[PDB]
Amino acid sequence: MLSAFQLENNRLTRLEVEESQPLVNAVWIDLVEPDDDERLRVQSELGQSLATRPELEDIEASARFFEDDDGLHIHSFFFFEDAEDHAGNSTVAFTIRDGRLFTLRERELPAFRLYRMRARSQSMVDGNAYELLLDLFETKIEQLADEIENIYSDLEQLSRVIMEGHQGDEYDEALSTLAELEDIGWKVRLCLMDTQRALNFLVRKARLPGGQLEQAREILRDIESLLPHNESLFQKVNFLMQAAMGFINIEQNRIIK
Amino acid sequence: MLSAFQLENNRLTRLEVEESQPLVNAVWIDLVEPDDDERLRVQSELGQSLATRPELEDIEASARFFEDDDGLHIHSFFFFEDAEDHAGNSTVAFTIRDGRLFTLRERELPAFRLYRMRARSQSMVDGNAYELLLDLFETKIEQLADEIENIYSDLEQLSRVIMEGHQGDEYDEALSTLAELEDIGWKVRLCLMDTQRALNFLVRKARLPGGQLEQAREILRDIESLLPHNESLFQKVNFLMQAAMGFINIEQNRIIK
Amino acid sequence: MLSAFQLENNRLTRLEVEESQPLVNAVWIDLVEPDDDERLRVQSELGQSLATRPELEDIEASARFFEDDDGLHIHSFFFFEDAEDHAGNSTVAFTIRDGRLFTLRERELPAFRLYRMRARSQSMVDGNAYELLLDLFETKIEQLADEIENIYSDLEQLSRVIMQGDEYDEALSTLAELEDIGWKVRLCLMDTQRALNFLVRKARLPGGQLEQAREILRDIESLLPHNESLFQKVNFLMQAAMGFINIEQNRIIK
Amino acid sequence: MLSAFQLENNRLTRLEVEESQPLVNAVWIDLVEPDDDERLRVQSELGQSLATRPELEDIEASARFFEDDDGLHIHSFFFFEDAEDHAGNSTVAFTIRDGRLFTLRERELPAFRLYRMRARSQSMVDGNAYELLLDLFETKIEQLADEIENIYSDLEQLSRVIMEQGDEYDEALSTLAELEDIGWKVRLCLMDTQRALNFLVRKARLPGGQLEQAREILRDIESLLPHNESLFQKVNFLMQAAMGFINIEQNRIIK
Amino acid sequence: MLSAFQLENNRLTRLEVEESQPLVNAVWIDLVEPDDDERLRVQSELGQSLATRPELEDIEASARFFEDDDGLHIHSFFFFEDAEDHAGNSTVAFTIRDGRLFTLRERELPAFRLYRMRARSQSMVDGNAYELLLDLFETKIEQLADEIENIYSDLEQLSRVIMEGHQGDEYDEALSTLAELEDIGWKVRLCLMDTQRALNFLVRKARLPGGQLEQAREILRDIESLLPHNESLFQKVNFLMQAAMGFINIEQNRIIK
Ligand SMILES: [Mg+2]
Ligand SMILES: [Mg+2]
Ligand SMILES: [Mg+2]
Ligand SMILES: [Mg+2]
Ligand SMILES: [Mg+2]
Ligand SMILES: [Mg+2]
Ligand SMILES: [Mg+2]
């Protein structure tokens with residue numbers, strides 16, 4: 001799946017690519033599970049090699065945040081929920097070269113879907129590939145913060161269910177939900193931590209136009225402010241787990257009596 | 001619910017609003033669950049847009065501590081107990097513009113109720129919107145410190161139930177109380193942490209008249225001194241949980257024998 | 001209960017107060033659960049308002065470490081054991097004004113009893129209210145260190161018990177007693193640490209007093225880790241015990 | 001087992017040692033469980049004392065990262081899996097002296113096996129003992145990162161077994177404990193390489209090309225350690241949830 | 001028990017003290033559970049008061065690391081195993097005055113036993129009391145590191161026993177061994193931490209001849225490198241404890257069925 005976008009008055013407008021062959025006019029090329037026809041098309045029409053599937057698995061800093069003849073590379077976890085509502089992180093390879101942004105990804109993602117919807121009726125400021133990359137990160141953080149907000153409200157309700165060792169079988173259900181909330185929070189943290197590394201790298205490495213530099217710092221500031229929330233949820237979750245076992249053992253005693 | 005206050009010899013005096021239409025004379029407008037008639041009234045009589053309900057859910061720094069054409073915005077958790085005696089945090093949007101303070105909130109709050117009572121017979125120092133905002137934070141901290149104090153004394157009594165009782169009935173009750181104290185402390189910490197960010201932002205961002213600056217630092221100093229107490233309670237609570245499970249298992253053994 | 005002390009060759013000597021009315025000669029006024037007659041006596045004979053009972057409950061820095069028209073105020077937890085041998089902290093309001101120290105407290109305390117015993121037959125150095133306040137803190141830390149030392153030796157014996165029966169109920173109970181002592185010792189230390197940090201930045205402290213304060217801060221820094229180390233051991237012991245209890249449960253069911 | 005390597009256009013080429021006696025031409029001598037005949041051969045043909053077996057057990061900084069008349073010494077944990085698929089760390093003594101690298105080890109290791117494969121058809125940059133040492137550390141980190149990646153995917157599958165019987169649960173706890181252990185041993189390996197590289201940066205004149213290489217490895221380690229810590233949280237939480245399910249099950253049974 | 005040592009070509013040589021009365025020639029006096037005859041002998045022949053038994057119990061910095069008319073005092077935990085193979089720490093009072101070292105101890109200790117054995121055929125460098133004190137600390141650290149090394153190998157074997165979660169007999173034994181390894185590690189950490197304070201004090205306080213200063217820093221560096229190992233063992237130990245309880249509960253279920 002190949003989509004391309006060009007700029008018109010600092011407004012991202014969707015290029016037709018099946019028909020309007022010239023890719024050279026695009027500021028952003030976005031690939032989702034691209035076949036070899038699409039890869040080769042980018043290779044020949046632009047200068048651009050793209051990362052292979054196993055290179056997106058690499059978690060080492062030097063494999064994710066690096067500069068080379070193919071441009072500036074940032075690989076970053078993006079958060080998603082699979083078909084059975086199980087949280088996950090999907091690595092996206094960002095590449096910036098000659099003022100063009102390339103995003104290579106394994107699947108559809110809610111941040112991208114959201115940014116694209118907004119980009120349809122919303123002006124960029126400086127109108128460049130670095131701004132675009134950060135806009136996508138802004139969007140990511142916005143969603144991560146929404147995830148955390150919902151862990152709180154779900155955990156609040158679940159908390160009240162757990163305050164009785166009244167078991168059968170709203171308690172099997174409670175432990176399961178706890179474990180689902182732990183896992184979401186855990187994966188949100190990985191996503192935040194990784195974006196944090198990515199942005200710290202960017203700040204030291206890319207000439208970032210100054211409007212872009214402040215934007216990046218703003219996102220870093222948001223991340224610094226979300227991480228503690230994440231850590232706070234783990235305490236609560238772990239305590240709730242402990243209390244539940246207490247109630248289960250109290251119940252066991254009742255039963256044996 | 002719209003209340004408005006004006007200043008008379010550095011004394012907040014309650015300006016009648018059903019009758020005395022001119023809002024322009026107020027230093028402080030306080031909204032509680034305001035209907036669209038009240039919102040629009042503030043919009044037209046002053047310049048003032050107010051934050052929407054879902055914008056108060058946002059926990060990201062950049063959504064809580066920011067400056068824009070509508071003025072200086074500080075969103076801050078305030079602590080309360082709901083109708084069924086469950087602790088909670090309620091976000092209050094503070095907005096300062098052209099020397100006037102706007103507080104927008106979802107519900108009655110004990111800090112506000114308390115500050116208003118006092119403000120009926122008590123002089124402000126410099127008599128301005130920044131002082132007023134900090135006075136409300138001072139009051140918040142005063143109450144948070146009282147909460148912590150009471151967690152201590154409650155935990156002290158509960159501690160003795162957990163060493164001296166072995167009935168199954170007074171022990172369900174004990175675990176429940178433990179969990180109620182854990183939750184209060186947890187929510188107090190969130191409240192403190194958030195006020196801390198808010199005040200750090202204020203110190204760097206607002207021209208704060210120097211009398212206000214020292215006031216803010218005093219509040220910051222109080223917070224630095226309350227956070228460790230919070231953390232100390234969690235250790236005790238967790239240890240008590242562990243001891244209880246030990247006693248429950250010792251009891252189980254007695255029963256089976 | 002009102003006691004007063006005056007200085008004689010840098011030696012604290014106990015003033016008779018039922019009889020020798022002039023309080024003005026005292027360097028140190030010590031109140032224990034004082035009635036309104038004693039409070040008013042301090043109010044009129046010296047300039048001195050004293051903190052009220054509910055103000056000693058306040059834990060907020062700004063309510064404990066502050067300066068005002070009534071002088072320099074330091075509120076600080078002191079460690080004690082109640083009638084049933086249960087550990088506790090009692091807040092003591094220290095107030096320094098015009099070279100005189102005021103201590104207001106809710107109860108008798110071992111640090112004070114100990115300092116008073118010694119102060120009979122022991123010379124102060126610079127002989128002033130700031131030294132006196134720090135001398136009381138020195139004594140407090142001395143006793144806190146003793147408490148920790150004993151948690152160690154008690155925990156050592158208890159450790160061996162934990163490696164069917166009636167002696168295990170007893171073990172868990174003792175563990176929980178030792179946890180609580182250590183916990184309350186830490187609160188006491190942490191609070192004295194804030195108090196001394198405040199003092200260092202705030203009071204003109206005569207230089208002899210400044211080094212004294214730093215010495216106490218250094219002691220606290222060296223005791224806090226011990227406290228934390230005990231919690232690890234205590235928590236681990238608790239865990240092992242539950243393991244043994246479950247192993248026992250399995251033996252029984254078989 | 002004695003292997004020796006010399007340089008030819010910045011390409012490590014394997015010296016024949018059974019036959020081509022002169023060791024003096026080697027840039028890298030690599031010893032695996034060397035007998036006293038091999039040790040003595042290094043002692044006499046080069047100046048080189050080698051660390052004894054019990055000196056590789058020593059974990060103290062001053063026993064692992066030090067300089068003396070015998071040269072520059074770096075002892076470092078390398079990660080491996082034994083015959084029964086159990087994770088382990090094996091200390092390797094690196095020694096650099098008069099532009100020559102000596103590696104002394106107790107066993108075959110996957111990092112070395114991998115670096116040697118690659119070195120057969122791959123050019124070094126500056127072509128020296130310090131680069132060589134760092135190349136081996138680079139390779140080590142590459143493999144540690146792969147381990148962590150696999151702990152994640154295994155833990156993901158195991159997570160679902162624990163949410164979704166008595167038989168498949170013994171097995172689950174055992175797997176959990178295998179993953180904890182791997183992560184634990186990876187951390188020890190990372191931490192130790194980190195000390196080693198910090199020491200190197202302050203101590204050896206490191207040619208500037210080497211210096212950046214070392215910092216790159218340090219940067220990778222900084223980025224892998226948090227992953228390690230993150231796994232321990234998940235593992236510990238999974239352990240707790242399992243006990244919860246086991247106790248719920250116990251209650252069902254007793255009823 | 002009084003032993004005394006003098007220097008001969010930077011070689012500690014054991015003075016005969018029953019017979020060769022002059023103690024003034026010694027660089028090192030070493031007391032083990034000394035009676036009042038030996039204490040008084042040191043008091044009169046040298047200037048030297050020695051710390052009393054209850055003064056070695058004091059753990060407060062100011063009671064362990066201090067200077068006074070009696071010289072330079074360093075009290076330090078040394079590690080040992082008692083008659084019933086239980087790990088322990090024994091405080092040793094080091095005192096340096098007029099170029100002479102005094103060590104006062106409650107019992108035989110493996111570091112001292114080891115240093116003395118080596119000192120019989122090994123030259124000191126600068127040949128002074130400060131070097132001697134540090135040599136003893138070097139030896140201590142050497143042994144602590146050996147302890148940690150052995151905790152690792154014992155914990156490795158024990159780890160494999162605990163994955164066979166089956167028999168009731170080899171499991172009592174396993175928990176016991178775990179608890180014995182936890183305790184050793186715990187006491188090793190106390191020993192390390194205390195030596196660390198002692199050496200930090202020494203570095204700021206004693207004129208330390210420069211050869212001695214580097215020696216001290218080397219020991220500090222070793223300690224900094226051993227502490228993390230200690231902390232790592234606690235995580236493993238705690239995790240193993242948890243897994244064991246899991247296997248015990250699985251077994252309990254099997255039994256009840
Ligand atoms: Mg949101
Ligand atoms: Mg636990
Ligand atoms: Mg059970
Ligand atoms: Mg209060
Ligand atoms: Mg003492
Ligand atoms: Mg050794
Ligand atoms: Mg790889």
# chains A, B, ... in the order shown; residues from 1 in each chain; ligands from 1
$ residues_near_ligand --ligand "ligand 3" --cutoff "9 Å" --atoms "only C-alpha atoms and all ligand atoms" --output "ChimeraX atom specification"
/A:249,252-253 /B:249,252-253 /C:246,249-250 /D:247,250-251 /E:249,252-253
$ select_by_dssp --residues "segment 22-245 of chain A" --states "strand (DSSP E)" --output "PyMOL selection string"
chain A and resi 28-32+65-68+71-81+87-97+100-105
$ write_last_selection --atoms "C-alpha atoms" --output "PDB file, in the first residue's frame"
ATOM      1  CA  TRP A  28       5.678  12.406   2.395  1.00  0.00           C
ATOM      2  CA  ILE A  29       5.667   8.843   1.121  1.00  0.00           C
ATOM      3  CA  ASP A  30       3.793   6.416   3.413  1.00  0.00           C
ATOM      4  CA  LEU A  31       4.206   2.665   2.945  1.00  0.00           C
ATOM      5  CA  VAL A  32       2.053   0.011   4.634  1.00  0.00           C
ATOM      6  CA  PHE A  65      18.538   6.132  15.555  1.00  0.00           C
ATOM      7  CA  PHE A  66      21.220   6.676  12.941  1.00  0.00           C
ATOM      8  CA  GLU A  67      22.403   8.709   9.914  1.00  0.00           C
ATOM      9  CA  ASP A  68      23.855   7.307   6.692  1.00  0.00           C
ATOM     10  CA  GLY A  71      19.402   9.799   5.119  1.00  0.00           C
ATOM     11  CA  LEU A  72      18.184  10.321   8.661  1.00  0.00           C
ATOM     12  CA  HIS A  73      16.572   7.265  10.280  1.00  0.00           C
ATOM     13  CA  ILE A  74      14.274   7.105  13.292  1.00  0.00           C
ATOM     14  CA  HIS A  75      12.640   3.804  14.204  1.00  0.00           C
ATOM     15  CA  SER A  76       9.891   4.170  16.775  1.00  0.00           C
ATOM     16  CA  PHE A  77       7.254   2.075  18.528  1.00  0.00           C
ATOM     17  CA  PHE A  78       3.681   3.045  17.776  1.00  0.00           C
ATOM     18  CA  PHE A  79       0.844   1.744  19.940  1.00  0.00           C
ATOM     19  CA  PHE A  80      -2.112  -0.301  18.702  1.00  0.00           C
ATOM     20  CA  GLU A  81      -4.743  -2.884  19.557  1.00  0.00           C
ATOM     21  CA  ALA A  87      -2.373  -4.188  23.105  1.00  0.00           C
ATOM     22  CA  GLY A  88       0.780  -4.044  21.031  1.00  0.00           C
ATOM     23  CA  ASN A  89       3.662  -1.951  19.788  1.00  0.00           C
ATOM     24  CA  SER A  90       4.511  -1.731  16.068  1.00  0.00           C
ATOM     25  CA  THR A  91       7.818  -0.305  14.942  1.00  0.00           C
ATOM     26  CA  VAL A  92       7.671   2.338  12.229  1.00  0.00           C
ATOM     27  CA  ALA A  93      10.749   3.344  10.260  1.00  0.00           C
ATOM     28  CA  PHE A  94      10.908   7.114   9.702  1.00  0.00           C
ATOM     29  CA  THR A  95      13.449   8.285   7.123  1.00  0.00           C
ATOM     30  CA  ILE A  96      14.162  11.883   6.133  1.00  0.00           C
ATOM     31  CA  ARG A  97      16.152  12.676   3.017  1.00  0.00           C
ATOM     32  CA  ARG A 100      11.179  14.299   2.058  1.00  0.00           C
ATOM     33  CA  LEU A 101       9.762  12.053   4.791  1.00  0.00           C
ATOM     34  CA  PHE A 102       9.379   8.300   4.326  1.00  0.00           C
ATOM     35  CA  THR A 103       7.297   6.230   6.732  1.00  0.00           C
ATOM     36  CA  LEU A 104       7.499   2.473   6.437  1.00  0.00           C
ATOM     37  CA  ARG A 105       5.139   0.392   8.537  1.00  0.00           C
TER      38      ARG A 105
END
$ residues_around --residues "segment 103-107 of chain C" --least-positions-apart "3" --cutoff "6 Å" --atoms "only C-alpha atoms" --output "ChimeraX atom specification"
/C:30-33,92-94
$ residues_near_ligand --ligand "ligand 2" --cutoff "8 Å" --atoms "only C-alpha atoms and all ligand atoms" --output "ChimeraX atom specification"
/A:242 /B:242 /C:239 /D:240 /E:242
$ residues_around --residues "residue 119 of chain E" --least-positions-apart "3" --cutoff "9 Å" --atoms "only C-alpha atoms" --output "list in words"
residues 11, 12, 13, 114, 115, 116, 122, 123 and 124 of chain E
$ write_last_selection --atoms "N, CA and C atoms" --output "PDB file, in the first residue's frame"
ATOM      1  N   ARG E  11      59.062  -4.738  55.797  1.00  0.00           N
ATOM      2  CA  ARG E  11      58.514  -6.081  56.033  1.00  0.00           C
ATOM      3  C   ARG E  11      58.032  -6.194  57.463  1.00  0.00           C
ATOM      4  N   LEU E  12      56.739  -6.443  57.638  1.00  0.00           N
ATOM      5  CA  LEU E  12      56.178  -6.594  58.966  1.00  0.00           C
ATOM      6  C   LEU E  12      56.752  -7.835  59.593  1.00  0.00           C
ATOM      7  N   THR E  13      57.460  -7.660  60.703  1.00  0.00           N
ATOM      8  CA  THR E  13      58.033  -8.796  61.439  1.00  0.00           C
ATOM      9  C   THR E  13      57.468  -8.861  62.862  1.00  0.00           C
ATOM     10  N   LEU E 114      44.493 -13.814  57.149  1.00  0.00           N
ATOM     11  CA  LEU E 114      45.056 -13.834  55.818  1.00  0.00           C
ATOM     12  C   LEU E 114      46.142 -12.787  55.615  1.00  0.00           C
ATOM     13  N   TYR E 115      45.911 -11.571  56.092  1.00  0.00           N
ATOM     14  CA  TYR E 115      46.903 -10.520  55.909  1.00  0.00           C
ATOM     15  C   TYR E 115      48.209 -10.850  56.645  1.00  0.00           C
ATOM     16  N   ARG E 116      48.083 -11.393  57.849  1.00  0.00           N
ATOM     17  CA  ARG E 116      49.234 -11.795  58.641  1.00  0.00           C
ATOM     18  C   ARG E 116      50.033 -12.904  57.970  1.00  0.00           C
ATOM     19  N   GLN E 122      56.336 -10.735  52.414  1.00  0.00           N
ATOM     20  CA  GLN E 122      55.841  -9.760  51.457  1.00  0.00           C
ATOM     21  C   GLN E 122      56.156  -8.361  51.936  1.00  0.00           C
ATOM     22  N   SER E 123      56.693  -7.552  51.033  1.00  0.00           N
ATOM     23  CA  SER E 123      57.131  -6.206  51.372  1.00  0.00           C
ATOM     24  C   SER E 123      56.010  -5.168  51.222  1.00  0.00           C
ATOM     25  N   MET E 124      55.885  -4.279  52.202  1.00  0.00           N
ATOM     26  CA  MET E 124      55.069  -3.071  52.059  1.00  0.00           C
ATOM     27  C   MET E 124      55.779  -2.096  51.130  1.00  0.00           C
TER      28      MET E 124
END
$ select_by_dssp --residues "segment 15-235 of chain A" --states "alpha helix (DSSP H)" --output "count of residues only"
118
$ residues_around --residues "segment 136-143 of chain E" --least-positions-apart "6" --cutoff "7 Å" --atoms "only C-alpha atoms" --output "list in words"
residues 111, 112, 115 and 219 of chain E
$ write_last_selection --atoms "C-alpha atoms" --output "CSV table (one decimal), in the first residue's frame"
chain,number,residue,atom,x,y,z
E,111,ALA,CA,40.9,-11.0,56.7
E,112,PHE,CA,43.5,-10.5,59.6
E,115,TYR,CA,46.9,-10.5,55.9
E,219,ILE,CA,39.4,0.2,47.2
$ residues_near_ligand --ligand "ligand 6" --cutoff "10 Å" --atoms "only C-alpha atoms and all ligand atoms" --output "ChimeraX atom specification"
/D:54-60,63 /E:139,141-147,149
$ residues_around --residues "residue 129 of chain D" --least-positions-apart "4" --cutoff "7 Å" --atoms "only C-alpha atoms" --output "PyMOL selection string"
chain D and resi 27+96+99-101+133
$ residues_around --residues "segment 120-125 of chain D" --least-positions-apart "6" --cutoff "9 Å" --atoms "only C-alpha atoms" --output "ChimeraX atom specification"
/D:9-14,131-132,209
$ write_last_selection --atoms "N, CA, C and O atoms" --output "mmCIF file, in the first residue's frame"
data_model
loop_
_atom_site.group_PDB
_atom_site.id
_atom_site.type_symbol
_atom_site.label_atom_id
_atom_site.label_comp_id
_atom_site.auth_asym_id
_atom_site.auth_seq_id
_atom_site.Cartn_x
_atom_site.Cartn_y
_atom_site.Cartn_z
ATOM 1 N N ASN D 9 45.875 -5.954 4.532
ATOM 2 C CA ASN D 9 44.954 -4.911 4.015
ATOM 3 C C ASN D 9 43.765 -4.703 4.924
ATOM 4 O O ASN D 9 42.613 -4.736 4.486
ATOM 5 N N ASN D 10 44.057 -4.504 6.200
ATOM 6 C CA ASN D 10 43.020 -4.436 7.228
ATOM 7 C C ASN D 10 42.044 -5.625 7.125
ATOM 8 O O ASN D 10 40.837 -5.452 7.272
ATOM 9 N N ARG D 11 42.560 -6.822 6.864
ATOM 10 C CA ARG D 11 41.741 -8.041 6.864
ATOM 11 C C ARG D 11 42.373 -9.093 7.756
ATOM 12 O O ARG D 11 43.495 -9.528 7.496
ATOM 13 N N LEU D 12 41.652 -9.515 8.792
ATOM 14 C CA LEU D 12 42.168 -10.535 9.690
ATOM 15 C C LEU D 12 42.281 -11.833 8.950
ATOM 16 O O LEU D 12 41.276 -12.353 8.450
ATOM 17 N N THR D 13 43.503 -12.353 8.864
ATOM 18 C CA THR D 13 43.732 -13.629 8.190
ATOM 19 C C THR D 13 44.329 -14.635 9.156
ATOM 20 O O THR D 13 45.275 -14.352 9.890
ATOM 21 N N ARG D 14 43.769 -15.835 9.107
ATOM 22 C CA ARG D 14 44.088 -16.870 10.061
ATOM 23 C C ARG D 14 45.485 -17.431 9.832
ATOM 24 O O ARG D 14 45.762 -18.019 8.797
ATOM 25 N N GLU D 131 40.648 -1.555 18.007
ATOM 26 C CA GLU D 131 39.473 -1.723 17.147
ATOM 27 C C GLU D 131 38.918 -3.147 17.276
ATOM 28 O O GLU D 131 37.715 -3.363 17.380
ATOM 29 N N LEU D 132 39.828 -4.110 17.275
ATOM 30 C CA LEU D 132 39.484 -5.535 17.329
ATOM 31 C C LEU D 132 38.702 -5.866 18.594
ATOM 32 O O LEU D 132 37.650 -6.492 18.550
ATOM 33 N N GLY D 209 39.077 7.172 16.142
ATOM 34 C CA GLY D 209 38.098 6.323 15.426
ATOM 35 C C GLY D 209 37.538 5.249 16.354
ATOM 36 O O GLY D 209 36.343 4.889 16.308
#
